[PDB]
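Peer 1: Residue numbers (the deposited numbering), protein chains in the order written: chain D, 14 to 139; chain M, 287 to 332, 349 to 430, 440 to 477, 538 to 572, 580 to 675, 684 to 763; chain Z, 599 to 646; chain G, 1 to 171.
Here a beta-carbon is modelled for each residue, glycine too, at the ideal position from N, C-alpha and C.
#1: Mind listing which residues of the region 130-157 of chain G have their C-beta closer than 8 Å to chain M's C-betas, in chain order?
#2: Do you know whose CA, among 104/D, 134/D and 19/D, lies nearest residue 82/D's CA?
#3: Using a C-beta to C-beta distance shorter than 9 Å, which residues of chain M count as neighbours of residue 608/Z?
#4: Residues in its own chain within less than 7 Å of residue 618/M by CB, not counting five upstream and five downstream?
#5: Inspect the beta-carbon positions of residue 115/G and residue 96/G and report whether they are closer than 8 Å.
#6: Apart from the five residues just before and just after residue 117/G, which ones in its own chain have a Cβ nearer than 6 Å to its Cβ?
#7: Measure the alpha-carbon distance for residue 546/M versus residue 318/M and round it to whole angstroms.
#8: Starting from residue 585/Z, find everything on chain G with Cβ-Cβ shorter than 7 Å and list it in chain order.
#9: By the DSSP assignment, the beta strand (DSSP E) with residue 617/Z in it spans what residues?
#10: Any beta carbon from chain G within less than 8 Å of residue 55/D's own beta carbon?
#11: Would you check if the region 88-108 of chain D and the region 118-137 of chain D touch, i.e. whether three or more CB-CB distances between them fall below 8 Å?
#12: Distance, Cα to Cα, residue 720/M vs residue 599/M?
#13: Should residue 21/G be flagged as near chain M, meaning a C-beta pair shorter than 8 Å?
#14: Give me, in chain order, the residues of the same chain whose beta-carbon lies closer than 8 Å to that of residue 42/G; leave out the 5 immediate sequence neighbours on both sides.
#15: Show which residues of chain G have a CB atom less than 9 Å away from the CB atom of residue 420/M.
#16: For residue 704/M, collect the residues of the same chain with a Cβ closer than 7 Å to its Cβ; drop the 5 residues on either side in sequence, then sort them by chain order.
#17: Assign residue 306/M to one of three DSSP states: helix, strand, or coil.
#18: Once you ignore the five residues that flank residue 613/M on each side, which residues in its own chain have a CB closer than 8 Å to its CB?
#19: Of the residues 68/D, 105/D and 95/D, which one's Cα is nearest the Cα of residue 114/D?
#20: Helix, strand or coil for residue 290/M? Go by DSSP, reduced to three states.
#21: What residues from chain D crowd round residue 98/G, counting only those whose CB sits closer than 7 Å?
#22: Can you list the beta strand (DSSP E) stretches of 3 or more residues lying completely in the region 124-152 of chain G, in chain order?
#23: So which of 558/M, 421/M and 357/M has the shortest CA-CA distance to residue 697/M?
#24: What are the boundary residues of the beta strand (DSSP E) that includes residue 77/G?
#25: Return helix, strand or coil for residue 764/M, following the three-state DSSP convention.
#26: Could one say the Cβ of residue 131/D lies closer than 8 Å to chain G's Cβ atoms, at least one of them?
#27: Rounded to whole angstroms, what is the Cα-Cα separation between residue 88/D and residue 636/Z?
#28: For residue 594/M and residue 45/D, what's the separation of their Cα atoms in angstroms?
#29: To the nearest angstrom, how far is it from the Cα of residue 419/M to the Cα of residue 428/M?
#30: Grab the span of the beta strand (DSSP E) containing residue 87/G for me, first residue to last.
#31: Is residue 742/M close to chain G, meaning its C-beta is less than 8 Å from at least one C-beta of that chain?
#32: Since residue 709/M and residue 541/M should fall inside the 8 Å C-beta cutoff, what is the C-beta to C-beta distance between them, to a whole number of angstroms?
#33: What alpha helix (DSSP H) runs, 4 residues minimum, are completely inside the region 24-53 of chain D?
#34: Given that a residue counts as buried once 16 or more other Cβ atoms are within 10 Å of its Cβ, and exposed if not, what is residue 744/M?
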């Protein structure tokens with residue numbers, strides 16, 4: 014029954030806080046910067062290393078202000094939290110591609126209304 | 287049924303797997319490929351001479367294709383048509399060469415078809440920095456260049472776009548020709564414009587926008603791939619030196635730990651000596667490896691002069707600076723990484739060949755049937 | 599409980615279950631490889 | 001998908017650790033207790049960002065161990081079905097394609113892949129191309145996919161991908 018396509022999740026996960034690829038990347042980078050210092054400390058694990066190199070290959074933008082601006086311009090809409098991560102991460106070129114990838118957008122908003130947002134996101138990309 | 291009651295012998299059928307037999311014209315091509323890839327790094331089949355070896359390889363391939371010959375079948379029954387007992391690994395070597403030549407021909411045909419289709423699509427689209444479908448013929452012709460051919464195809468795809476519906540510095544071909552010749556035939560963009568002017572005609583307001591495109595064009599250029607290829611492959615004086623933890627962990631058990639300061643190991647030590655390659659791979663697996671040619675510092687300097695303008699007077703100085711930046715960017719993209727990957731692949735191949743040769747020698751030594759019969763009959 | 603700083607499993611943890619002349623069959627639960635279990639020499643161990 | 005939620009966990013602390021660094025020791029144990037693990041309820045946890053507070057350690061009767069119900073603000077990664085993500089292809093085999101969704105690895109079958117993407121066993125690098133050889137897909141490529149199934153192998157998530165929907169390849 015758990016299918017993100019139809020916007021259904023467990024109660025505990027419903028109240029979660031979405032994260033973006035750049036957001037998690039900078040969080041992990043700062044954690045690594047803090048941990049590397051303060052000698053006599055248990056070093057990072059392969060999980061941390063793999064997650065770091067996995068998120069580093071999809072950092073659409075390095076500027077925390079870029080992250081802030083995109084989330085601020087996005088939250089003003091009526092879309093659910095789940096729509097804030099996938100759409101902000103994939104950065105599709107056209108509204109048709111976005112609608113095809115995410116079935117939720119089908120009929121939820123106008124074509125130009127979504128296309129302008131997609132163009133804004135692409136532009137915001139560094 | 288096919289294995290036992292097949293028209294051709296099972297040995298020939300297995301040997302000519304990628305290539306289901308040889309055609310009369312394809313015999314010449316397969317023989318040429320076998321001659322080319324018989325012994326490039328080490329000396330193998332130099349016994350059979352160059353032309354004599356090529357003719358013998360062609361004769362063996364043709365016999366296998368026509369009479370469905372097998373390795374020993376041609377080695378013995380075709381002693382005249384092949385090296386007359388030149389070496390034990392005659393039929394097997396010929397079969398491997400024929401398989402490789404057939405595979406390369408198939409790859410070249412596929413690439414030529416792809417280039418022709420891409421050129422037709424580009425003509426249909428733009429005919430109703441351009442996209443010219445002229446490199447398809449070059450890629451199809453570049454049969455011997457397998458890795459280089461693949462790099463050229465990938466660069467062409469990434470440059471033309473690869474989409475399938477259903538003036539910044541020197542030209543890429545000119546820069547490649549200059550690098551290959553070692554003399555800068557063509558300079559950078561000798562125009563009064565500078566990066567400040569160039570960064571306004580994309581919408582970024584930054585001066586490296588053309589640097590990115592230049593780096594990509596340099597990287598995905600078959601000429602550059604050919605130029606770099608072999609440059610480090612033929613000679614790489616890998617310095618073996620254990621690291622801080624490798625000195626204790628290896629305990630002189632691997633190539634990177636046996637010599638604390640035994641550096642400057644050329645390609646001869648690793649390719650010719652498969653033990654060195656195996657030790658290097660083992661050391662680099664877990665703890666660390668000391669594999670560095672240390673010869674670029684001076685190979686990367688010479689290219690620096692090429693492809694850049696000579697004057698520096700605003701237009702000239704800016705063109706020179708932009709060319710230098712684009713060359714540095716192309717290097718960081720795919721000049722050191724590409725060379726390192728090629729060297730690593732060559733070292734791995736040399737180690738594998740050394741291991742295979744050692745195994746074959748051991749098998750030959752230990753398989754000779756020498757029983758102790760009454761009176762040593 | 600012992601630590602394996604040297605040997606094939608550099609910087610590895612796990613409880614020991616079986617001993618041998620020059621081998622130790624360590625065991626753990628965090629690991630996933632080989633059903634969460636590994637084996638390494640004895641002299642490359644330290645009493646943690 | 002990565003998320004930032006507040007979790008709770010309790011740890012017993014052996015009395016040998018009492019002293020001026022009690023809180024520091026508790027934090028260290030929490031770090032090396034709830035990092036990298038996985039659970040079927042909240043999913044796979046990456047790391048811990050900060051700690052909300054330290055509860056009142058309740059010393060057990062007849063035992064020196066004291067438990068601290070600490071609540072920590074950490075991040076978690078619990079992919080769900082139907083979500084679309086951009087992974088990197090790790091390996092190409094005739095049996096299937098292997099990718100790496102961060103702390104998780106998926107796998108797609110040739111049946112999921114359309115018929116247009118054939119095999120290239122003759123070429124040294126295992127890769128799939130089309131008849132016109134225009135589009136090329138190999139390893140170390142940011143290829144997208146859709147999570148059509150999930151699985152937890154005893155705290156080891158291993159989902160399954162798919163390549164049927166359009167617009168799944170090079171961006």
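Peer 2: With the given structure in hand:
#1: Per Cβ criterion, the list reads 130, 131, 132, 133, 134, 135 and 136.
#2: Indexing the first chain from 1 puts residue 82/D at position 69. Among 104/D, 134/D and 19/D, the Cα nearest to that of residue 82/D is on 134/D.
#3: Your numbering for residue 608/Z matches position 10 in the third chain. The contacting residues are 623, 627, 664 and 665.
#4: Position 240 of the second chain, counted from the first residue, corresponds to residue 618/M. Taken in chain order, the residues that qualify are 633, 634, 637, 640, 641, 643 and 668.
#5: Along the fourth chain, one-based indexing puts residue 115/G at 115. Along the fourth chain, one-based indexing puts residue 96/G at 96. No.
#6: In the fourth chain, the residue the question calls residue 117/G occupies position 117. These residues qualify, in order along the chain: 128.
#7: Position 175 of the second chain, counting from 1, holds the residue named residue 546/M. Position 32 of the second chain, counting from 1, holds the residue named residue 318/M. Taking the straight line from one Cα to the other gives about 31 Å.
#8: With chain Z represented from 599 up to 646, any question about residue 585/Z goes unanswered, as that position is not in the structure.
#9: For the purposes of this step, residue 617/Z is taken as residue 19 along the third chain, with counting starting at 1. Looking at the DSSP string, the run of the beta strand (DSSP E) that includes residue 617/Z is 610-617.
#10: Walking along the first chain from the start, residue 55/D turns up at place 42. Closer than 8 Å to some Cβ of chain G, the Cβ of residue 55/D qualifies, so yes.
#11: Yes, they touch.
#12: As a position in the second chain, residue 720/M is number 334, starting the count at 1. As a position in the second chain, residue 599/M is number 221, starting the count at 1. Taking the CA atoms as reference points, residue 720/M sits about 10 Å from residue 599/M.
#13: In the fourth chain, the residue the question calls residue 21/G occupies position 21. Using a CB distance cut-off of 8 Å, residue 21/G does not count as an interface residue toward chain M.
#14: Taking the first residue of the fourth chain as 1, we reach residue 42/G at position 42. A distance below 8 Å between beta-carbons, with the five flanking residues on each side excluded, links residue 42/G to the following residues of its chain, in chain order: 5, 7, 76 and 78.
#15: Here residue 420/M refers to the residue found at position 118 of the second chain. Simply 132, 133 and 134.
#16: As a working mapping, residue 704/M is identified with position 318 in the second chain. Excluding sequence neighbours, residue 704/M sits near 565 and 566.
#17: As a position in the second chain, residue 306/M is number 20, starting the count at 1. Note: residue 306/M maps to coil in three-state DSSP.
#18: The residue labelled residue 613/M in the question sits at position 235 within the second chain. Excluding residues within five positions, the ones whose Cβ falls inside 8 Å are 644, 645, 671 and 673.
#19: If you number the first chain from 1, residue 114/D lands on position 101. Here the closest residue by C-alpha is 105/D.
#20: Numbered from 1 along the second chain, position 4 holds the residue referred to as residue 290/M. It is coil, neither helix nor strand.
#21: As a working mapping, residue 98/G is identified with position 98 in the fourth chain. Those within 7 Å of residue 98/G in chain D number zero; the least Cβ separation is about 14 Å.
#22: Whole beta strand (DSSP E) segments, 3+ residues: 142-146.
#23: Against the second chain, residue 697/M aligns to sequence position 311. When only C-alpha atoms are compared, the closest one is 558/M.
#24: In the fourth chain, residue 77/G corresponds to position 77, counting from 1. It spans 66-77 - the beta strand (DSSP E) in which residue 77/G sits, taken as one unbroken run.
#25: Because chain M here runs from 287 to 763, residue 764/M falls outside it and cannot be looked at.
#26: Translated into positions along the first chain, residue 131/D becomes position 118. For residue 131/D, the answer is no, since every Cβ of chain G falls outside 8 Å of its Cβ.
#27: Translated into positions along the first chain, residue 88/D becomes position 75. Translated into positions along the third chain, residue 636/Z becomes position 38. Rounded to the nearest angstrom, the two C-alpha atoms are 49 Å apart.
#28: Counting from one through the second chain, the residue named residue 594/M turns up at place 216. Counting from one through the first chain, the residue named residue 45/D turns up at place 32. Between residue 594/M and residue 45/D, the C-alpha separation is close to 31 Å.
#29: Taking the first residue of the second chain as 1, we reach residue 419/M at position 117. Taking the first residue of the second chain as 1, we reach residue 428/M at position 126. CA-to-CA, the gap between residue 419/M and residue 428/M works out to about 14 Å.
#30: Locating residue 87/G in the fourth chain gives position 87, where the first residue counts as 1. Residue 87/G -> beta strand (DSSP E) spans 84-92.
#31: As a working note, residue 742/M is residue 356 in the second chain. Output row for residue 742/M: interface = no.
#32: Numbered from its first residue, the second chain carries residue 709/M at position 323. Numbered from its first residue, the second chain carries residue 541/M at position 170. Right, the Cβ-Cβ distance comes to about 6 Å (below 8 Å), so this counts as a contact.
#33: For secondary structure counted as the alpha helix (DSSP H) over 4 or more consecutive residues, the region 24-53 of chain D holds these complete runs in sequence order: 24-27 and 34-49.
#34: One-based indexing of the second chain puts residue 744/M at position 358. It counts as exposed.
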